[PDB]
Structures are given as C-alpha cells and as structure tokens.
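Printed here is model.pdb (PDB, C-alpha atoms):
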ATOM      1  CA  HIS A   3     118.759  82.454 119.647  1.00  0.00           C
ATOM      2  CA  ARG A   4     119.566  85.044 122.294  1.00  0.00           C
ATOM      3  CA  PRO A   5     118.996  88.779 122.365  1.00  0.00           C
ATOM      4  CA  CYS A   6     121.896  90.568 120.680  1.00  0.00           C
ATOM      5  CA  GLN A   7     122.617  93.913 122.301  1.00  0.00           C
ATOM      6  CA  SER A   8     124.537  96.823 120.774  1.00  0.00           C
ATOM      7  CA  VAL A   9     127.804  97.794 122.451  1.00  0.00           C
ATOM      8  CA  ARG A  10     128.748 101.042 120.681  1.00  0.00           C
ATOM      9  CA  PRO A  11     126.839 103.004 118.021  1.00  0.00           C
ATOM     10  CA  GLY A  12     128.264 101.741 114.727  1.00  0.00           C
ATOM     11  CA  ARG A  13     129.869  98.424 115.823  1.00  0.00           C
ATOM     12  CA  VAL A  14     128.552  95.310 114.035  1.00  0.00           C
ATOM     13  CA  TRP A  15     129.416  92.951 116.895  1.00  0.00           C
ATOM     14  CA  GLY A  16     127.075  93.099 119.829  1.00  0.00           C
ATOM     15  CA  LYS A  17     127.033  91.243 123.125  1.00  0.00           C
ATOM     16  CA  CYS A  18     124.826  88.418 124.258  1.00  0.00           C
ATOM     17  CA  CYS A  19     124.249  86.436 127.404  1.00  0.00           C
ATOM     18  CA  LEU A  20     125.288  82.775 127.087  1.00  0.00           C
ATOM     19  CA  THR A  21     123.578  81.504 130.247  1.00  0.00           C
ATOM     20  CA  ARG A  22     120.248  83.147 131.094  1.00  0.00           C
ATOM     21  CA  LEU A  23     119.262  86.786 130.750  1.00  0.00           C
ATOM     22  CA  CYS A  24     117.066  88.198 133.524  1.00  0.00           C
ATOM     23  CA  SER A  25     116.153  91.690 132.335  1.00  0.00           C
ATOM     24  CA  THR A  26     119.614  93.279 132.157  1.00  0.00           C
ATOM     25  CA  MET A  27     121.400  90.669 134.273  1.00  0.00           C
ATOM     26  CA  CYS A  28     123.335  87.761 132.805  1.00  0.00           C
ATOM     27  CA  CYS A  29     123.308  84.804 135.235  1.00  0.00           C
ATOM     28  CA  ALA A  30     126.468  83.142 136.560  1.00  0.00           C
ATOM     29  CA  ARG A  31     125.452  79.714 135.256  1.00  0.00           C
ATOM     30  CA  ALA A  32     123.104  78.109 132.728  1.00  0.00           C
ATOM     31  CA  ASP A  33     121.134  76.362 135.472  1.00  0.00           C
ATOM     32  CA  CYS A  34     119.642  79.584 136.777  1.00  0.00           C
ATOM     33  CA  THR A  35     116.116  80.901 136.324  1.00  0.00           C
ATOM     34  CA  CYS A  36     114.845  84.492 136.741  1.00  0.00           C
ATOM     35  CA  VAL A  37     113.228  86.056 139.800  1.00  0.00           C
ATOM     36  CA  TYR A  38     111.452  89.391 139.857  1.00  0.00           C
ATOM     37  CA  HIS A  39     110.019  91.424 142.722  1.00  0.00           C
ATOM     38  CA  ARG A  42     115.253  91.582 146.542  1.00  0.00           C
ATOM     39  CA  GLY A  43     115.258  93.115 143.020  1.00  0.00           C
ATOM     40  CA  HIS A  44     115.304  91.144 139.793  1.00  0.00           C
ATOM     41  CA  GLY A  45     117.983  88.508 139.653  1.00  0.00           C
ATOM     42  CA  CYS A  46     119.116  84.950 139.136  1.00  0.00           C
ATOM     43  CA  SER A  47     118.007  81.917 141.110  1.00  0.00           C
ATOM     44  CA  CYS A  48     120.588  79.155 140.616  1.00  0.00           C
ATOM     45  CA  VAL A  49     120.962  75.527 141.651  1.00  0.00           C
ATOM     46  CA  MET A  50     122.725  75.257 145.041  1.00  0.00           C
TER      47      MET A  50
ATOM     48  CA  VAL B   2     117.762  91.909 117.666  1.00  0.00           C
ATOM     49  CA  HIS B   3     117.993  88.141 118.192  1.00  0.00           C
ATOM     50  CA  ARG B   4     121.044  86.250 116.996  1.00  0.00           C
ATOM     51  CA  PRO B   5     123.324  83.226 117.508  1.00  0.00           C
ATOM     52  CA  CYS B   6     125.552  83.856 120.555  1.00  0.00           C
ATOM     53  CA  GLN B   7     129.210  82.893 120.238  1.00  0.00           C
ATOM     54  CA  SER B   8     131.427  82.282 123.265  1.00  0.00           C
ATOM     55  CA  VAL B   9     134.634  84.361 123.328  1.00  0.00           C
ATOM     56  CA  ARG B  10     136.579  82.680 126.147  1.00  0.00           C
ATOM     57  CA  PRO B  11     135.932  79.979 128.818  1.00  0.00           C
ATOM     58  CA  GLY B  12     134.317  81.127 132.078  1.00  0.00           C
ATOM     59  CA  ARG B  13     132.764  84.225 130.533  1.00  0.00           C
ATOM     60  CA  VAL B  14     128.955  84.444 130.583  1.00  0.00           C
ATOM     61  CA  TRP B  15     128.817  87.229 127.952  1.00  0.00           C
ATOM     62  CA  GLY B  16     129.472  86.179 124.362  1.00  0.00           C
ATOM     63  CA  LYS B  17     129.492  88.050 121.045  1.00  0.00           C
ATOM     64  CA  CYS B  18     126.864  88.200 118.317  1.00  0.00           C
ATOM     65  CA  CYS B  19     126.752  89.631 114.822  1.00  0.00           C
ATOM     66  CA  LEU B  20     124.172  92.434 114.591  1.00  0.00           C
ATOM     67  CA  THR B  21     124.226  92.527 110.786  1.00  0.00           C
ATOM     68  CA  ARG B  22     124.618  89.277 108.868  1.00  0.00           C
ATOM     69  CA  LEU B  23     126.920  86.331 109.298  1.00  0.00           C
ATOM     70  CA  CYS B  24     128.537  84.759 106.245  1.00  0.00           C
ATOM     71  CA  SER B  25     129.817  81.610 107.880  1.00  0.00           C
ATOM     72  CA  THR B  26     132.505  83.234 110.103  1.00  0.00           C
ATOM     73  CA  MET B  27     132.336  86.837 108.802  1.00  0.00           C
ATOM     74  CA  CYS B  28     130.094  89.532 110.327  1.00  0.00           C
ATOM     75  CA  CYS B  29     129.219  91.861 107.453  1.00  0.00           C
ATOM     76  CA  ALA B  30     129.479  95.679 107.448  1.00  0.00           C
ATOM     77  CA  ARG B  31     125.718  96.035 106.882  1.00  0.00           C
ATOM     78  CA  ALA B  32     122.579  93.958 107.404  1.00  0.00           C
ATOM     79  CA  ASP B  33     121.841  94.212 103.661  1.00  0.00           C
ATOM     80  CA  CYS B  34     125.145  92.621 102.579  1.00  0.00           C
ATOM     81  CA  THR B  35     124.914  89.172 101.052  1.00  0.00           C
ATOM     82  CA  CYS B  36     127.257  86.213 101.288  1.00  0.00           C
ATOM     83  CA  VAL B  37     129.705  85.169  98.596  1.00  0.00           C
ATOM     84  CA  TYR B  38     132.317  82.495  98.105  1.00  0.00           C
ATOM     85  CA  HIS B  39     135.747  83.614  96.865  1.00  0.00           C
ATOM     86  CA  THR B  40     137.831  80.909  95.232  1.00  0.00           C
ATOM     87  CA  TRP B  41     140.979  80.290  97.335  1.00  0.00           C
ATOM     88  CA  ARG B  42     139.827  82.719 100.052  1.00  0.00           C
ATOM     89  CA  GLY B  43     136.572  81.252 101.330  1.00  0.00           C
ATOM     90  CA  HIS B  44     133.315  82.741 102.581  1.00  0.00           C
ATOM     91  CA  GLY B  45     132.805  86.503 102.721  1.00  0.00           C
ATOM     92  CA  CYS B  46     130.394  89.427 102.415  1.00  0.00           C
ATOM     93  CA  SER B  47     129.585  91.530  99.407  1.00  0.00           C
ATOM     94  CA  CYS B  48     128.176  94.920 100.358  1.00  0.00           C
ATOM     95  CA  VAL B  49     126.931  98.161  98.956  1.00  0.00           C
ATOM     96  CA  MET B  50     129.918 100.512  99.641  1.00  0.00           C
TER      97      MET B  50
END
Before we go any further, please render this structure as structure tokens.
Amino acid sequence: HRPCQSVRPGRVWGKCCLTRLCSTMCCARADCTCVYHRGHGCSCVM
Amino acid sequence: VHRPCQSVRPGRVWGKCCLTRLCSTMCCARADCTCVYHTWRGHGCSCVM
C-alpha cells in the first residue's frame, strides 16, 4: 500500500510515508502532489 | 517492499510498516514465518528458529 523502507539492517519494522512520497521526500499533507525538475518536492493545496 | 502503513502518533507524516509478515498485530521475526492462533493468547507468529 505504500513503500516500506528499512531503517536499520536487521530491524523488522520499517518506515513509510503516510501522505505522499516524492522520491525521498514525505509531504506535509495528503493533499500534495509531486513536482520534479527548484528540486523535487511537494506541491500542496494553498 | 510495499506494505500497509500504520500511523504511530497524530501529526506525524512517517508511519511504521512490517517488513516481514504481519499476523494481525504482530510483525514476525522473518518473512517466512506463518501465523498461528494461541488459545487464550491470541494471534502470533510461528517461525523457524
């Protein structure tokens, strides 16, 4: 349902972004989409 | 991997996810564990030690 990323080698719990993941960036809110080019980032409702 | 993403606390955009296998609430030691039901103790994992 979302990418699950490893935290430490060995740990069974990873981390995941609850809102929107834009490359490596987890957006502040769910109502954000991704922009890429500045730099990659989140575009969110004003 | 791709997994269900559980919230840890309000306001936080990063949640947690079980990289192995989830047996209801329990994240198992290994991806190859399977889920059991223990009478009086509930859902759990059974794993190759």
Neighbours of chain A in chain B at 8 Å, counting all atoms listed in the file, as a ChimeraX atom specification: /B:2-8,14-21,28-31
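Across the structure, CA of residue 11 (chain B) and CA of residue 33 (chain A) are spaced 16.6 Å apart.
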Which polymer residues have any atom within 9 Å of an atom of region 34-42 of chain B, counting only C-alpha atoms, with same-chain residues fewer than 6 positions away left out, as a VMD selection string? chain B and resid 21 to 25 48 to 49
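Counting from CA of residue 11 (chain A), the distance to CA of residue 44 (chain A) is 27.3 Å.
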To test your reading of the syntax: which residues would the PyMOL selection byres ((chain A and resi 50) around 12) return for the file shown? Reply as number ranges by chain. A: 31, 33-34, 46-49
For a test of reading the model, state the distance in Å between CA of residue 37 (chain A) and CA of residue 13 (chain B), rounded to one decimal. 21.7 Å
